Structures are given as C-alpha cells and as structure tokens.
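Protein chains in written order, with the entry's author numbering: chain G, 290 to 434; chain F, 262 to 693, 713 to 723; chain A, 1 to 141; chain C, 148 to 157; chain D, 162 to 405; chain B, 1 to 146.
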Amino acid sequence: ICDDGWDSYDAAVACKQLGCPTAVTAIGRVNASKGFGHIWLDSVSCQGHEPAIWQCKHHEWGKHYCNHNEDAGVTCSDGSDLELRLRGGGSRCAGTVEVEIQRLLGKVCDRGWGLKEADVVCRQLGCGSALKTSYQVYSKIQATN
Amino acid sequence: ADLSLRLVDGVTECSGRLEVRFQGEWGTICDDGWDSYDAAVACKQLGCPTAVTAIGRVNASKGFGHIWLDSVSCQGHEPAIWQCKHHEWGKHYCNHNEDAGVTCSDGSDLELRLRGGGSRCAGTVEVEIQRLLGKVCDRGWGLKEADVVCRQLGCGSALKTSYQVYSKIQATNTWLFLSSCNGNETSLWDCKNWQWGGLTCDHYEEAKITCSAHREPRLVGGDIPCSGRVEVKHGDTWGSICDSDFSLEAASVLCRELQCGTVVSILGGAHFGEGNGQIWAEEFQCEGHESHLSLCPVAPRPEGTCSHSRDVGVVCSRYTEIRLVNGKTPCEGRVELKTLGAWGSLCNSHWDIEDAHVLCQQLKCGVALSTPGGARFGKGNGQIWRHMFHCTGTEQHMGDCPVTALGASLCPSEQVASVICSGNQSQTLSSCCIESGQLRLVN
Amino acid sequence: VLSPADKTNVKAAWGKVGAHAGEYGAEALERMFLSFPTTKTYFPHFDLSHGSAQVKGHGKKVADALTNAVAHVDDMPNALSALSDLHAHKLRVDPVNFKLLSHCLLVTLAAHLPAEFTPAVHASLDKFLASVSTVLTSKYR
Amino acid sequence: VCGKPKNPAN
Amino acid sequence: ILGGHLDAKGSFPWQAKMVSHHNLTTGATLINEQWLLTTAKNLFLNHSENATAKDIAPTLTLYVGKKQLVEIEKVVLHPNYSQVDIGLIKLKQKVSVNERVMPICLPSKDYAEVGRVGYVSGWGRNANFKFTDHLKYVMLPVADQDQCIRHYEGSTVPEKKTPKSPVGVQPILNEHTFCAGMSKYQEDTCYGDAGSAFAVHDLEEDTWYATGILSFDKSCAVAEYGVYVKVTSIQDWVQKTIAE
Amino acid sequence: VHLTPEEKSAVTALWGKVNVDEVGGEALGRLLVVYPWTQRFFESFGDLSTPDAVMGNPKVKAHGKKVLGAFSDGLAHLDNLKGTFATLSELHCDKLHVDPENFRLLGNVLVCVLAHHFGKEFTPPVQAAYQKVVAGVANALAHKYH
Ligand code: HEM
Ligand code: HEM
Ligand SMILES: *[C@@H]1O[C@H](CO)[C@@H](O)[C@H](O)[C@H]1NC(C)=O
Ligand SMILES: *[C@@H]1O[C@H](CO)[C@@H](O)[C@H](O)[C@H]1NC(C)=O
Ligand SMILES: *[C@@H]1O[C@H](CO)[C@@H](O)[C@H](O)[C@H]1NC(C)=O
Ligand SMILES: *[C@@H]1O[C@H](CO)[C@@H](O)[C@H](O)[C@H]1NC(C)=O
Ligand SMILES: *[C@@H]1O[C@H](CO)[C@@H](O)[C@H](O)[C@H]1NC(C)=O
Ligand SMILES: [Ca+2]
Ligand SMILES: [Ca+2]
C-alpha cells in the first residue's frame, strides 16, 4: 500500500482488525525492506469506524504513481513501550532527542521542529519549558537510521 | 512570370545587393532565414567561384520598392534561387535595412589584422574585405572568436580582450558581426553566420585582442631554465632589457608568467653575459600582480644610452635536473640528481613515497607505485647525494619541495633511492589514503 | 468581449492613472525579469538592473502605446497593427509572455491604486489586456 | 458504426 | 480552450493531436478507419504555399488516443484549399478500434440551422495561453449566419466589405461555411483548436455527426462567433478521394 | 522547490498579519467574478450573477475559508507538498475534474487580493516568492494528472 494519505485512522482500523491495542498508532517502516510488485491501495481515507480497509475510498486497484519507497507501514502500541529522553547535553534536560519505540532507538528530525514541540517535550519530561535549541558540543552517542 | 537575377552596387558583377527582375519591375530580397546555400546558388548562377560565400551588403545601398523573396531556403543543388521555398511573392514584414547581399570569393581578397595594440598580435581587429575597411563588433565577441583570430594569424592563443590605450587608426563606418563560431574553425571566415555591415551597431564599439605572442619573456644563458638574462619578444623581434628598466615587480611578473615561482634575484651588469642586437628603451611600470608583462604600463626611457653590459638578469627558484636511470622503462629506476654539474645518486635514507610521487608527476609518469629498497637498479658509479627531500606529494616539481642536506648522515653505498611509477599520465591522486590528521608549524 | 460597461470602466480607471502610466509600465517590466527570468532571453543587451533608465524608457513606450489604444479603443487593432507585426514576426515573442506581462501589470497597478479596483474593474481590466495581447499575438503562424 | 462511445458525455 | 469542462471519460475517441515541426499542437479528427480530416491551414503551418504534399507529409507528428503514435503515408489537399480549408491525412496502417480510439461517421443529413447545439473538442491553448496539458471540450450553439457575416466584415453585399475583424487577420466566409455562437458562459476555442470537428449528437437515432471542422481558431476571447466549414459540402469530394 | 531562508521568512512574517476570516473568501469570490464560468462549480450557493450577490452570499466566504486554510497548510510545510494536498487533489481531480489551471488563476487572484490589502509593503521580491509558493502548490495539486 502507498503512504499517500495514510493516517492514524487507517492504522487504527487495521490493527483493530488484527486485534492489537489502538491507543497509539504510528506510521512508517522499522527494519522493513522495500516492497516489490504491486501497490494495491492508494489515498486510503477512513472515518475510523469501518470494519475493513477495503471499504474506505481509494483509487482503482493497481493504478498508482507511487514507488515502493512510499509503502505505508504501521506500529500500534498501548503506550507502555514508548520512551523519550534527551541525551548528550550534559544533563537529562538538554541534548539530542532520543526516542525508543518498540525497542528501536531513533532521533527527531529538526524539519518542523520549533519551540512548541520542544516545550512540549520539556514539559512531558518535567524539565519546565524549552528556552532555546542550540549547540553544546559533547561526546554524543551515535548513530541511528 | 519573367524572372532575372542581378547584383547592384557590388565590388564585382558577382557581389553586391541581390536584385530580382519580376514582370518588368525590379525589387530586392529580404535576409530573413537567408543562408549560405541561397548565396551559393546565386554565386553558381553568376558563374563565380563558390569556395567562400559571404552574406551581407558590402558597399551596397538599401534597396527601394518591392522585396520579392523572403525566407529563401535552398538545399544547394537547385539550379535557381526562385525554385527554393519562400513566402508568397511581395508579402513581407521586412524593411530595406534587412535586404540580403552576397560576396562571392575565392578567399584571396580577404585580409584580417590587428592594429593599434603595439604589435601585429594585439589591438583592434581590423578587416579589409573587397577593399572595404571595418572593425569587429564586441557583441557576441568571446574568447573562442579571439582564439580563432589569434590562431589564423599565427599569434598563438587569445589571452585576454582588454584595453591598451594607444594612437589607434580612425575611423570606419563598416562593422563585422559574428553570431557565433564553435572555436575549432581554422579561419574567422569559417565561423558561421558572420555579418558584414548593414546593422546599426550600438555604442560598445572597438573589441581588441591581446594574444599570448604579444610579448613573450624568456631567460637565456642561465644554468637552470628559471635563471638567466631576460630577453623579451615584442612583435617578431627579441630585445634585451636594461637593468634600469626592469623592476622587482616586473621580475615577480616574469617568474609567475614563466611559471617559475617567486623571484629570487635580479642581477644587473650583464651578470649572465652581454646580450646581442636590440635593447628595449622602455621601462615596464608593473604593479606586480599582472599575469603577463603585456598588461604592464610601459614608459619611454628618459634620455640615456643603455648597452648590453647593462642587460637585466633574473633568477627564479627551482632545481629541475632529475632523472631515472637503469629502469626497464623511462618511468622506473634509480633517482639521479645533478648538483655542481655532476649527476649523482640520491640517498634513500629519507626517500618516501611522496617524494617519488612528485618525481613521477614531474616526469609525466603518473603515480608512484613503490620505492624499492636497496640497489635494485644498481648503486651507480658516482657520488651519492645525501639530500633529504620533504615533499607533501602534491607538488608539481621536486624543486618546490623543501630540501635539507647539511649534516645529513652518511648513506651506505647500497641504500640508493629507487622508484616504480604507474607509467600512465592519466592516473592522478584522488582525495580519500591520507590519514585524517595533518600537523604543521607556522611562522 | 468588452461590453459598453467594461469599456467605460476601463476608461474611467485608466484615466485616474494619468501621467503615472509610464513608471508603472516600467515597474511591471522589472517584476518579470525578477519573477520570470526566462523573459530576459528576449532582452539580451538591455540593462536589467533596478530602475534602469533603459527599462524606464521602454516602460514609458509600452505605457504610451496602451494609452493610445484606450484613447480610441473601439478599433484597437488598426492602431496597434505595426506593433502586431513588430512583436509577432520580427521579435517572435511566445504568446504566454503577453499574459505574463498582463498579470504583472495588473498586480502592479493594483498595488499602487487600491481605491478603484472593485471587482468589476479588475474584470474589465483583465479583459482589456486580454483583447490587446491577443491582437498582438493574432498574426502568429 | 455511428453513435456508440463506450462512455459518452452525459 | 481557456475555460472548463475537463475531458474525464474520453467521450470523443476520434480526436487526434498532430504537432507540426516547430512544436505547434493542432487538432485533426479521425474520419474513418484509414483516414482523418484536418484543415489545409493546419497542414500548411511552417511551410510555403509552394510546398507540395510530398514535402509536407514527413514533417508532421501525429498522436491518437493518449500518446498512441500512428504513422502517416500520404497527404492530400482540397483543390480549393485557399477557399475550402481542408486536408486529408491517410494513416500508414489501421488503428485498433476500441473504447478510446474510433473514427467518426460523416453525416448524410445537414444540421446547419440555428437553434441546434454542438460539441467541439480541443487540444488548443487556454487562458494562460499555454498549450493545454490535457485535452478538453466545450458545447456551443450555432449562430445566425448573417449576424456572423455582418460581425466579422461589414458588408453583406461584396463591395462594402472591409476588414472589421477584431483580430489582425480576416476569416474565410462563404456558402461552404457556417458560424457557431458564443458559449453560455462566454467560453470559446483558441490556438490549437483548428481541425477539431463540430460534433452534433442526434438524440433520436443516438449518433454523433461531424457537421463542421473548425477553420478560424483565432477568435478566442475577443470574437463573438467561431466559424466552421461544413463537412457535408465536401461530402461528395471526400468519397471521390477515398478511392485513392 | 528549494527556498532560501529570507523569502520564507518574509512570507511567514507577512502571512501572520493576513486576516484569515476574509481574505480567502475575497480571493475566491473574485475568481468567481472575473472568470464567471467557475460559477458552474459553485452555483449551489445561490445567485452568483452580480458581484454584490457574490460578495454577500455567506457560503462563498464560507468555502473560501476552507480553501484559505488548506493553502495555509500548504505554505506551512513546502518541502512535502505532494502529500498535504493529495486528498484535496483526489476530491477535485477525480470526482470533480476541475481543470488545474484555474488553481493558479486562483492563486494569482489570491496574491492580487494580498496585494490589494497590503499595498506598497507587498514588494516585488515577496510577491515573486509567493508566486513560487502558489506555483509549487498548483503543481503538487496537479501531480496526479500525469
Ligand atoms: C500588452 C502587450 C505589449 C505591449 C502593449 C507592448 C508594447 C511595446 C512597444 C510600444 C514597443 C516599442 C515599439 C517600438 O519601439 O517601435 C515594444 C517593443 C518590444 N517588446 Fe513589447 N509590448 C507588449 C508585449 C511584449 C512582451 C510580453 C514582450 C516580452 C516578454 C515584449 C518584448 C518586446 C521587445 C523585446 C521589444 C523591443 C525593445 C527594443 O529593442 O527597443 N513585448 N513593445
Ligand atoms: C488551488 C487551491 C485550492 C485549494 C487549496 C482548495 C481547497 C479546498 C477545500 C479545503 C475544500 C473543502 C474540502 C472539505 O470540505 O473538507 C475544497 C472543496 C472544493 N473544491 Fe477546492 N481548492 C482549490 C482549488 C479549487 C478550484 C480553483 C476549484 C474550482 C474552480 C475547486 C473545486 C472545489 C469544489 C467544487 C469544492 C466543493 C466540493 C464539495 O463540497 O462538494 N478547488 N477545496
Ligand atoms: C531491527 O533490526 C533487525 C533487522 O530487522 C531485527 O532483527 C531486530 O530485532 C530489530 N531490532 C530490535 C531492537 O529488535
Ligand atoms: C563604395 O562605393 C562608392 C559608391 O557607392 C564608391 O565611390 C567607392 O569607391 C566604393 N568603395 C570602394 C572601396 O571601392
Ligand atoms: C518555421 O518557419 C520559419 C520562418 O520561415 C523558418 O525559418 C523555420 O526554419 C521553420 N521551422 C522552424 C522549426 O522554426
Ligand atoms: C521543440 O522542437 C525541437 C526541435 O525538434 C525539439 O528539440 C524540442 O524538444 C521541442 N520542444 C518541445 C517542448 O516539444
Ligand atoms: C475551386 O473553385 C473553382 C472556382 O469556382 C471551381 O471551378 C473548382 O471546381 C473548385 N474546385 C473543386 C474541387 O470543386
Ligand atoms: Ca487516510
Ligand atoms: Ca536560407
């Protein structure tokens, strides 16, 4: 399936059909190879109450412009396996944002990263407010994909 | 329909503005899309040589009345101009400033020269075509056209299209326009679609070339090519320079132009021996950043007779005499250096792969492949030179590397430097391997 | 198609421009070279810099042409015939460019004259510059 | 044949 | 076409897009299994009146359906080309008929009277004067022939004829032509739309006839009536030609 | 497309002051007025014939609002343009079959309405940047046509 329009309602309905918890649903590909062959569904747009993915609106089957780098994927979790921490800023309240999801470590990209996202991160970790997003050099831990 | 072709206001009966008689009345042809095949058909019909065919109106006035043909497009085999493709007869948007003309030539009556740049190889490009003088317009004038001009005149390459002030010869009403040449042409006349006259040149006149052969320095009579008496070719004549007329800035320019590095010394008093023939009575008032002496202002010598006993000499910074001996190829062998006039083997005590790389590059042998230890190519029968070279491997010549020979330890007779180069000039050092750390001492 | 209403509107709006018609004509040109660099390939030898005198005068020319057209607007193509042939054949200007300059002229005139641009006028102004840019283009082949 | 586009305009 | 009605289904399978040597996109319609009509004008772009068919035929590129490239053998011009503006292109082979590609029938009856409405497709320019990226189409009524005559020139009676044409050039107006009005929303047909057929759908017998081919595509915004050359008037001529 | 930092900075700083309850609806109803054939798509609203009806009708500005928002979302993240309008593109192209050129016309009338409100302070470089923006938008929105 192509990632075009793929949202949290689609992921939640698919996992629900699989019977897993749907409290938190992320998109994207962890350790997953590139697919091959057909992309069957594109621009899936569900309302979230639907019982199966193939009753939402979609383009004609097998007609797409996507390539297999845009294949949609999901991870559905109950929230117990999501950790957030800052590493490498000399304290627990400054540094690179490291996340651990399904035991996979990763980092937040700065594209779209503003003071609003940072203050939310600081508050969730109980570090008060984000003042400023800067350099503080360090021996940082590397790397992720 | 009654068709006839004639030329009017030509230099000859087979050059001029093209006129067609139609149904008893005469009219002209527009130049729109008009190319060399149309001109070639016209030239063939007049029975003139078609080896070189120019477009444009030479000394030809503007026509009057009808313009009968427009957008003529021939394949060149056609027997007459009016059987080619054209728009409807008498239907046009052209004015009589866009009237087509031809010059049919065997090539013998076209001369091109540069005037007013102090030599035959620099100045404004003046052309004489069918005894009409004109100038090249700078619109569309690039290094490709200038290099074609310099090559056709045997003036070498175009170095720069510049100002060099002068008493220039004035004036013309005739301009040459080049739309573009590729630059691989043998003659400016071989550049395509050049226009001679007939279009209203703007206020940016007088393009002027300086070719590489305008002033050529050399050093003569020194022990190394970058040391000797200075002789300069101006025009086709070599002349000496007086020791009074050649500054340190000019010597800096000379060592840079000759690709000899930095000026090491200026020596007056015919230090390299007296010259012969002409002494230039001109001082080069260089600022010292100019790429060539051709760009330096020149001042006339104040009243004074110089003699060749006062010829200026320059020494620049390089040792050039290195060779490979006893290789199976010219790109492998024992390294021999000439010092004190004698060839001798270099010691391998400090002979690394960077030094061998610099020699291999200098010798056009590509990259160094190995520095075999031991007298693999023999020890040689001469003295062993104990010079310790310190190349980085990026130098173009061994003389640019720092050299220390004072106090160097005794080299055993079997510990001679040797090299194996790649033998292929197409192999250059690529950036990676160079270890990720360099150390230097500054000041 | 320029109804009486449109024509009246265009006249009334283009009058209030008056002697400023020239400098806008030039400001518009500046935008195209900055906005759509491909139009520069029609003006090789022109100085294209900011407020260039050459730009300013060419703009005064295009301005005056336009004022002429609107002065007697009910037969424009006879008046503009020589420019028809000038741009169509000699200069061979690709018809998208007139619609470019048309739009630059509407944004620029909009910016400088806020009070008169009620929609009806934006309409008949776009129609007017359409009709002209056509008549210049209409001898293409 | 006349008059039978697979999908007409209407 | 500057305005709307995007062609979603491909309801006009006989429309071919032919591009001349200098990248000028132009309409042609597929009139039978081996042949397509077009205009003499369209044929003559980037060529002199001197040029003959052998010269013109290799220059053109032609496209059917989506990108489908059909090759082209010979070319034939209407003997009255300067008056009746019509060419014929013969395709090197047959085209596979299917839902998107199929020729149109030449009409027996004549629907030239005012009150009828028709459908004109086109590949021509739009309101940005860009060649359209996708084929479009528009419906147009047919217009009173006299109103159109008095519109483009001044006369009726031929001695009072003067070039009243809103654009620079004068259209061909004779007894072999008819005029189509302006749209309901003032849409019209512009550069590139020549050679497309004015196709009237006959509801009782449910068939789409090409009554005319668009000659004058210059009118665009500025000129209230497009004008077509009736195909019925070249009826007996095209049949004679098909035999060769 | 790629954009140098001071265009995006002048764009966002300008976009802050843009009144979001009016401008979008004025651009839309102006497109409707100048090129009346688009009324064909919106005529469920009511009388679109005169400009006063158009200007008054609450559904014209009601729609314009949603369109202006959608454009704000476009201008927010300009590097991933395809995905943001992918659904709107399905709505307009596959079900409605709007011809994509009237998108740019609307983007232009938008910049026009922008210039109308912002006078001399809306300068040729900032305009040229918004032109780049409404282009990239028009393209991403038109990408599924090929
Ligand atoms: C509303 C449409 C246009 C009008 C009213 C207009 C008006 C004019 C005028 C008055 C002149 C000077 C005529 C003369 O000096 O004899 C001119 C020349 C010229 N036009 Fe335009 N023009 C239009 C469209 C365009 C466009 C869109 C372009 C290209 C983007 C263009 C390119 C030129 C050029 C290159 C010249 C010659 C300039 C020179 O060499 O002095 N024209 N036009
Ligand atoms: C190019 C920029 C455009 C944007 C950002 C845009 C955005 C939108 C938005 C946000 C909606 C409402 C969707 C919803 O209710 O969830 C919409 C609906 C619609 N769009 Fe656009 N649009 C654009 C261009 C156009 C144009 C120019 C037209 C037609 C001339 C058009 C045709 C329509 C129609 C007819 C609807 C109503 C659909 C319905 O309610 O049934 N779109 N558009
Ligand atoms: C992700 O990496 C590999 C490759 O798929 C997989 O075997 C591994 O289990 C995954 N990571 C973790 C932390 O389990
Ligand atoms: C050029 O033509 C004029 C007459 O038009 C003539 O007097 C003159 O000699 C010609 N020039 C040359 C160099 O022959
Ligand atoms: C089109 O016509 C022009 C005008 O005669 C001609 O010069 C040109 O070769 C033709 N072809 C193209 C591709 O422009
Ligand atoms: C225009 O024609 C030329 C010459 O055949 C060709 O190189 C070019 O790709 C064409 N351009 C387009 C947009 O089709
Ligand atoms: C072309 O028109 C002339 C003049 O009326 C006529 O004699 C001739 O028959 C016409 N051509 C055809 C094929 O009818
Ligand atoms: Ca979705
Ligand atoms: Ca020619």
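We treat Cβ as the ideally placed atom computed from N, Cα and C, and that holds for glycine.
Open item on the list: Given a cut-off of 7 Å on the beta-carbon distance, is the pair D:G356 and D:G188 in contact?
Closed with: Here residue 356 of chain D refers to the residue found at position 195 when the fifth sequence is read from its first residue. Here residue 188 of chain D refers to the residue found at position 27 when the fifth sequence is read from its first residue. Cβ atoms of D:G356 and D:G188: closer than 7 Å.
- [ ] Could you work out which residues of chain C lie near D:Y280, taking near to mean beta carbons separated by less than 8 Å?
- [x] The residue given as residue 280 of chain D occupies position 119 in the fifth sequence. Those are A156, listed as they occur along chain C.
- [ ] Collect the residues with a C-beta less than 5 Å away from any heavy atom of ligand 7 and give them in sequence order along the chain.
- [x] After applying the 5 Å Cβ criterion, the set is D:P240 and D:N241.
TODO: Please list the residues of the region 64 to 96 of chain A that have a C-beta atom closer than 7 Å to any C-beta atom in chain F, keeping them in chain order.
DONE: Within the region 64 to 96 of chain A, the residues whose Cβ lies closer than 7 Å to any Cβ of chain F are, in chain order, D85, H89 and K90.
Open item on the list: Given this structure, state the Cα-to-Cα distance separating B:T50 from A:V107, to the nearest angstrom.
Closed with: Numbered from its first residue, the sixth sequence carries residue 50 of chain B at position 50. Numbered from its first residue, the third sequence carries residue 107 of chain A at position 107. Roughly 23 Å separates the two Cα atoms.
Open item on the list: Nearest by alpha-carbon distance to F:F638: which of F:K625, F:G654, F:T653 and F:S606 is it?
Closed with: Looking up residue 638 of chain F in the second sequence gives position 377. The shortest Cα separation from F:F638 among F:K625, F:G654, F:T653 and F:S606 belongs to F:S606.
- [ ] Would you check whether ligand 8 has a heavy atom nearer than 6 Å to the C-beta of G:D296?
- [x] The residue you call residue 296 of chain G lines up with position 7 of the first sequence. Flag set: Cβ of G:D296 near ligand 8.
- [ ] Spatial neighbours of B:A140 within its chain, please: CB distance less than 6 Å, with the 5 preceding and 5 following residues excluded, ordered by chain position.
- [x] As a working mapping, residue 140 of chain B is identified with position 140 in the sixth sequence. Here the set comprises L81, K82 and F85.
Task: D:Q396 - containing alpha helix (DSSP H), residue span - done: Along the fifth sequence, read from residue 1 onward, the residue named residue 396 of chain D stands at position 235. Element bounds for D:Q396: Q396 to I403.
TODO: Have a look at G:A321, G:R374, G:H338 and G:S428 and flag the residue whose alpha-carbon is nearest the alpha-carbon of G:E359.
DONE: Residue mapping note: residue 359 of chain G aligns to position 70 of the first sequence, counting from 1. Out of G:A321, G:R374, G:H338 and G:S428, the CA that lies nearest to the CA of G:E359 is found in G:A321.
Open item on the list: Quick check: what's the CA-CA separation for F:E387 versus F:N356?
Closed with: Reading the second sequence from its first residue, position 126 is the one you call residue 387 of chain F. Reading the second sequence from its first residue, position 95 is the one you call residue 356 of chain F. Their Cα atoms are separated by approximately 29 Å.
- [ ] Could you give the DSSP three-state label for G:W402: helix, strand or coil?
- [x] The residue given as residue 402 of chain G occupies position 113 in the first sequence. In this structure, G:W402 counts as coil in the three-state DSSP scheme.
Open item on the list: Assuming D:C351 and D:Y386 are in contact, meaning their beta carbons sit under 8 Å apart, how far apart are those beta carbons, in whole angstroms?
Closed with: As a working note, residue 351 of chain D is residue 190 in the fifth sequence. As a working note, residue 386 of chain D is residue 225 in the fifth sequence. Not really, about 14 Å apart at Cβ, beyond 8 Å.
Open item on the list: I'd like to confirm the pairing. Which residues does DSSP put opposite F:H495 in its beta bridges?
Closed with: Counted from its first residue, the second sequence places residue 495 of chain F at position 234. According to DSSP, which records beta bridges pairwise, F:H495 is partnered with F:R476 and F:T498.
Open item on the list: With H, G and I counted as helix, E and B as strand and the rest as coil, what does DSSP make of F:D360?
Closed with: Sequence index remark: in the second sequence, residue 360 of chain F carries index 99 (1-based). F:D360: strand per DSSP, three-state reduction.
- [ ] Can you grab the Cα-Cα spacing for the pair D:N184 / B:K17, in whole Å?
- [x] Against the fifth sequence, residue 184 of chain D aligns to sequence position 23. Against the sixth sequence, residue 17 of chain B aligns to sequence position 17. If I take the Cα positions, the gap works out to 45 Å.
Open item on the list: Looking only at its chain, what residues have a beta carbon closer than 6 Å to the beta carbon of B:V137, apart from the 5 residues adjacent to it on each side?
Closed with: Numbered from its first residue, the sixth sequence carries residue 137 of chain B at position 137. These residues qualify, in order along the chain: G74.
Open item on the list: Report the CB separation of F:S488 from F:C577 in whole angstroms; it is logged as a contact under 8 Å.
Closed with: Against the second sequence, residue 488 of chain F aligns to sequence position 227. Against the second sequence, residue 577 of chain F aligns to sequence position 316. Indeed they touch by this definition, with Cβ atoms about 6 Å apart.
Task: Per-residue contacts from A:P44 into chain B (C-beta, under 7 Å) - done: As a first step, residue 44 of chain A is located in the third sequence; it is residue number 44 there, counting from the start. When 7 Å is used as the limit between beta carbons, A:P44 is near no residue of chain B, the shortest such separation being about 22 Å.
Open item on the list: Just checking A:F98 against ligand 1 - is the residue's beta carbon closer than 6 Å to any of the ligand's heavy atoms?
Closed with: Numbered from its first residue, the third sequence carries residue 98 of chain A at position 98. At a threshold of 6 Å, A:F98 counts as near ligand 1, since its beta carbon sits closer than that to one of the ligand's heavy atoms.
Open item on the list: Quick check on DSSP: helix, strand or coil for G:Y354?
Closed with: For this step, residue 354 of chain G is matched to residue 65 along the first sequence. In the structure shown, G:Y354 sits in coil (DSSP, three-state: anything other than H, G, I, E or B).
TODO: Rank G:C398, G:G368 and G:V409 by C-alpha distance to the C-alpha of G:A312 and give the top, closest one.
DONE: Taking the first sequence and counting its residues from 1, the one referred to as residue 312 of chain G is at position 23. For G:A312, the closest alpha carbon among the candidates G:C398, G:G368 and G:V409 is that of G:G368.
- [ ] Name the one or two DSSP bridge partners that F:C309 has.
- [x] Sequence index remark: in the second sequence, residue 309 of chain F carries index 48 (1-based). Partner residues in a beta bridge of F:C309, as assigned by DSSP, do not exist.
Task: Length of the line joining the Cα atoms of G:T314 and G:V363 - done: The sequence position of residue 314 of chain G within the first sequence is 25, counting from 1. The sequence position of residue 363 of chain G within the first sequence is 74, counting from 1. If you draw a straight line from the Cα of G:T314 to the Cα of G:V363, it comes to about 7 Å.
Open item on the list: Is the beta carbon of B:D99 closer than 7 Å to that of D:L167?
Closed with: Residue numbering aside, residue 167 of chain D sits at position 6 when the fifth sequence is read from its first letter. Residue numbering aside, residue 99 of chain B sits at position 99 when the sixth sequence is read from its first letter. With contacts defined by Cβ atoms closer than 7 Å, D:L167 and B:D99 form a contacting pair.
Task: Buried/exposed call for B:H116, threshold 16 Cβ in 10 Å - done: Working through the sixth sequence from its first residue, we reach residue 116 of chain B at position 116. By the 10 Å Cβ count, B:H116 comes out buried.
Task: First through last residue of the alpha helix (DSSP H) which encompasses C:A156 - done: On the fourth sequence, residue 156 of chain C is found 9 positions in, with the first residue counted as 1. Per DSSP, C:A156 belongs to no alpha helix (DSSP H) and is neither H nor E.
TODO: May I have the straight-line CA-CA distance separating F:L585 from F:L624, to the nearest angstrom?
DONE: Position 324 of the second sequence, counted from the first residue, corresponds to residue 585 of chain F. Position 363 of the second sequence, counted from the first residue, corresponds to residue 624 of chain F. If I take the Cα positions, the gap works out to 9 Å.
Open item on the list: Shorter than 6 Å, the distance from the beta carbon of B:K144 to the closest heavy atom of ligand 2, or not?
Closed with: As a working mapping, residue 144 of chain B is identified with position 144 in the sixth sequence. No.
- [ ] Run through the region 601 to 685 of chain F for me and flag every whole beta strand (DSSP E) of 3 or more residues, listed as ranges in chain order.
- [x] Those beta strand (DSSP E) runs which fall completely within the region 601 to 685 of chain F and span 3+ residues are 603 to 607, 629 to 631 and 679 to 682.
Open item on the list: Any heavy atom of ligand 1 inside 6 Å of the beta-carbon of residue 712 of chain F?
Closed with: Absent from the coordinates is residue 712 of chain F, which sits in the stretch where chain F moves from 693 straight to 713.
Task: Residue from F:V619, F:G641 and F:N642 whose Cα sits closest to the Cα of F:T632 - done: As a working note, residue 632 of chain F is residue 371 in the second sequence. Shortest Cα-Cα distance from F:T632 to any of F:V619, F:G641 and F:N642 involves F:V619.
Task: Interface partners of B:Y130 on chain D, CB under 9 Å - done: Within the sixth sequence, the letter at position 130 stands for residue 130 of chain B. Within chain D, not a single residue places a beta-carbon under 9 Å from that of B:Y130; the smallest gap is close to 18 Å.
- [ ] Indicate, with yes or no, if ligand 8 has a heavy atom lying under 6 Å from the CB of B:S89.
- [x] Residue 89 of chain B sits at position 89 when you count from the first residue of the sixth sequence. Judged by the Cβ position, B:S89 fails to qualify as a neighbour of ligand 8 at the 6 Å threshold, every heavy atom of the ligand being at least this far.
Task: Validate contact between the region 273 to 284 of chain D and the region 234 to 244 of chain D using beta carbons, cut 8 Å, 3 pairs - done: No contact exists between the region 273 to 284 of chain D and the region 234 to 244 of chain D.
Open item on the list: Quick check: is the beta carbon of D:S181 nearer than 7 Å to any beta carbon in chain F?
Closed with: Numbered from 1 along the fifth sequence, position 20 holds the residue referred to as residue 181 of chain D. No, no contact with chain F.
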